[PDB]
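Protein chains in written order, with PDB author numbering: chain A, 516 to 566; chain B, 395 to 443; chain C, 486 to 528; chain D, 298 to 345; chain E, 229 to 243; chain F, 676 to 719; chain G, 546 to 567; chain H, 368 to 418; chain I, 514 to 579, 587 to 591; chain J, 444 to 470.
From the three backbone atoms N, C-alpha and C, an ideal C-beta is built for every residue, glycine too.
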Amino acid sequence: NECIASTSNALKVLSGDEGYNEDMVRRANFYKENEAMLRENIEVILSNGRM
Amino acid sequence: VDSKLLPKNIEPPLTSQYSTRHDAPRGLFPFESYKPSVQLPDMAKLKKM
Amino acid sequence: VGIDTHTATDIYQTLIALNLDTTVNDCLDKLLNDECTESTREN
Amino acid sequence: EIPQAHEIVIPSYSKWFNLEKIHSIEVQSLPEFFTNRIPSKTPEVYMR
Amino acid sequence: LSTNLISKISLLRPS
Amino acid sequence: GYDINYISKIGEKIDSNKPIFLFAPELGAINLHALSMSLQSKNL
Amino acid sequence: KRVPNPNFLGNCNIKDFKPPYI
Amino acid sequence: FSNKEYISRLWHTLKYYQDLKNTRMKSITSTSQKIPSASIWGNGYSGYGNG
Amino acid sequence: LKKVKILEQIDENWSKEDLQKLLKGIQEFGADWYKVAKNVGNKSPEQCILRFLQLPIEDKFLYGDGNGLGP
Amino acid sequence: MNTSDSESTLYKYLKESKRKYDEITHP
């Protein structure tokens with residue numbers, strides 16, 4: 516499992532792509548365990564007027 | 395004695411419910427491309443075939 | 486042998502769209518037909 | 298009550314400033330209002 | 229245009 | 676399944692032209708007081 | 546001829562930036 | 368999702384960022400000629416307090 | 514069928530009527546969160562944006578609950 | 444793909460209608 520997870524990740528860096536894992540952030544428990552940073556970032560984007 | 399007839403402080407009135415904008419620096423927000431598609435994708439051809 | 490990951494991902498996108506559209510049209514019919522209850526029409 | 302007749306801009310690093318609330322930076326910057334040694338310097342006096 | 233659908237078209241999208 | 680020498684050869688140029696952060700000529704008037712007050716802001 | 550300052554009600558310099566989906 | 372599409376995606380990504388760097392250079396040479404153009408990032412501050 | 518029962522997210526800070534007014538307001542006005550929180554009432558726009566983010570809409574159509589999806 | 448209830452009922456309806464069609468067009 517370390518040979519596969521460090522091969523696709525070895526392709527993502529060499530291709531130049533970046534970002535989160537698409538299949539991790541697609542569910543709803545990600546935005547419930549990261550409840551702290553979203554209340555910061557929503558206020559930061561809304562108060563600056565970009566939301 | 396009825397309230398608002400009690401003696402109150404002579405002060406500048408409250409500015410609590412005021413709307414403020416923010417001076418954010420240059421590199422704070424990322425550059426954004428790829429406008430997201432709000433509209434749902436249609437699958438008429440797949441279910442037609 | 487056993488390598489196709491890619492077609493599996495594409496038909497997984499297709500099947501996810503199929504099941505999502507099935508539930509969407511189910512709730513759409515259950516709200517559009519009033520022969521269905523309001524607890525699955527207005528719901 | 299007076300309606301808003303001006304444009305109000307505070308810088309982005311002052312996002313934490315909220316009325317009727319005392320932030321930690323206000324405590325670590327002005328500690329004399331929060332060490333209960335002088336009775337004429339209370340956090341109610343600081344908020345006023 | 230049928231009145232079974234006119235009551236539901238503005239219901240499904242309020243615009 | 677790929678020819679990853681060509682993929683990395685193109686991805687080097689992609690990483691070079693990617694907008695990661697500002698360069699030196701496009702920073703504008705750097706204000707030291709704004710930086711010094713933002714470092715004490717305990718934001719991220 | 547009056548000229549409004551940037552501290553005028555509705556004449557800020559920080560324009561409202563729009564999100565990409567809008 | 369094959370190789371011949373995964374490299375054609377990377378050609379239709381590098382050619383975007385080359386035009387983006389052309390825009391970034393033109394918006395630098397505009398302000399160096401004392402013409403206030405906007406950049407990829409927003410304009411930073413206003414006359415309020417900070418310069 | 515395997516339908517998404519979206520109105521079962523009725524956790525004590527929110528309510529079923531609040532979620533219904535939230536969905537009807539976002540369908541009314543697209544992503545203008547001040548008008549949306551105005552239509553809902555008694556809640557800040559940040560709570561509306563957060564509860565719109567945390568809705569389990571597509572989780573009942575994905576594969577797993579939380587073995588593994590593999591490659 | 445899983446199912447749909449009205450799709451399944453209209454499938455058996457159309458299948459029985461087509462069966463009666465091919466059984467009534469022969470004589």
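Does residue i come out as helix, strand or coil in the three-state DSSP assignment?
i, result
"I689/F", "helix"
"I519/I", "helix"
"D572/I", "coil"
"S230/E", "coil"
"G418/H", "coil"
"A502/C", "helix"
"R462/J", "helix"
"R564/I", "helix"
"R391/H", "helix"
"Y383/H", "helix"
"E426/B", "coil"
"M712/F", "helix"
"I559/G", "coil"
"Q400/H", "coil"
"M539/A", "coil"
"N680/F", "helix"
"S397/B", "coil"
"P340/D", "helix"
"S235/E", "helix"
"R376/H", "helix"
"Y412/H", "coil"
"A405/H", "coil"
"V432/B", "coil"
"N445/J", "coil"
"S521/A", "coil"
"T522/C", "coil"
Kindly indicate if chain D contains any beta-carbon less than 8 Å away from that of residue i.
i, result
"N389/H", "no"
"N410/H", "no"
"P401/B", "no"
"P424/B", "no"
Looking only at its chain, what residues have a beta carbon closer than 6 Å to the beta carbon of residue i, apart from the 5 residues adjacent to it on each side?
i, result
"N556/A", "none"
"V517/I", "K573"
"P549/G", "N556"
"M566/A", "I560"
"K463/J", "none"
"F565/I", "none"
Quick one: is residue i near chain G, going by C-beta distance under 8 Å?
i, result
"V395/B", "no"
"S406/H", "no"
"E304/D", "yes"
"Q325/D", "no"
"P435/B", "no"
Looking only at its own chain, which residues have a Cβ that is under 7 Å from the Cβ of residue i, when we skip the five neighbours before and after it?
i, result
"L710/F", "none"
"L503/C", "none"
Just grab the DSSP bridge partners of residue i for me.
i, result
"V306/D", "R415/B"
Given residue i, which residues of its chain have a CB within under 8 Å of its CB, disregarding the five upstream and five downstream residues?
i, result
"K527/A", "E533"
"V553/I", "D531, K534, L535, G538, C561"
"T390/H", "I407"
Hey, does residue i have any beta-carbon neighbour from chain F nearer than 8 Å?
i, result
"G418/H", "yes"
"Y415/H", "no"
Give a yes or no on whether 8 Å exceeds the smallest Cβ distance from residue i to chain A.
i, result
"residue 580/I", "Since chain I is numbered 579 and then 587, with no step between, residue 580/I has no place in the structure shown."
"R420/B", "no"
"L568/I", "yes"
"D690/F", "yes"
"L536/I", "no"
State yes or no: is the beta carbon of residue i nearer than 8 Å to at least one beta carbon in chain B?
i, result
"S399/H", "no"
"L707/F", "no"
"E298/D", "yes"
"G564/A", "yes"
"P308/D", "yes"
Against chain H, does residue i count as a neighbour if the rule is that its beta carbon must be under 8 Å from one of theirs?
i, result
"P551/G", "yes"
"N556/G", "no"
"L697/F", "yes"
Indicate whether at least one CB of chain C lies closer than 8 Å to the CB of residue i.
i, result
"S449/J", "yes"
"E541/I", "no"
Tell me, please, whether the CB atom of residue i is closer than 8 Å to any CB atom in chain E?
i, result
"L500/C", "no"
Check: Are there three or more Cβ pairs, one per stretch, closer than 8 Å when the stretch 543 to 558 of chain I is compared with the stretch 531 to 539 of chain A?
Finding: no
Check: If you pair each beta-carbon of the stretch 691 to 711 of chain F with each one of the stretch 400 to 416 of chain H, do three or more pairs fall below 8 Å?
Finding: yes
Checklist line | Given 8 Å, three or more beta-carbon pairs between the stretch 320 to 339 of chain D and the stretch 368 to 375 of chain H | finding: no
Check: Quick check: the stretch 384 to 392 of chain H against the stretch 396 to 410 of chain B, are there 3 or more CB pairs under 8 Å?
Finding: no
Note to self: Below 8 Å, how does it come out for the stretch 495 to 502 of chain C and the stretch 688 to 695 of chain F: are there three or more Cβ pairs, yes or no?
What the structure shows: no
Next item on the list: Answer yes if the stretch 445 to 455 of chain J comes into contact with the stretch 414 to 426 of chain B, meaning at least three C-beta pairs across the two stretches below 8 Å, and no otherwise.
Entry: no
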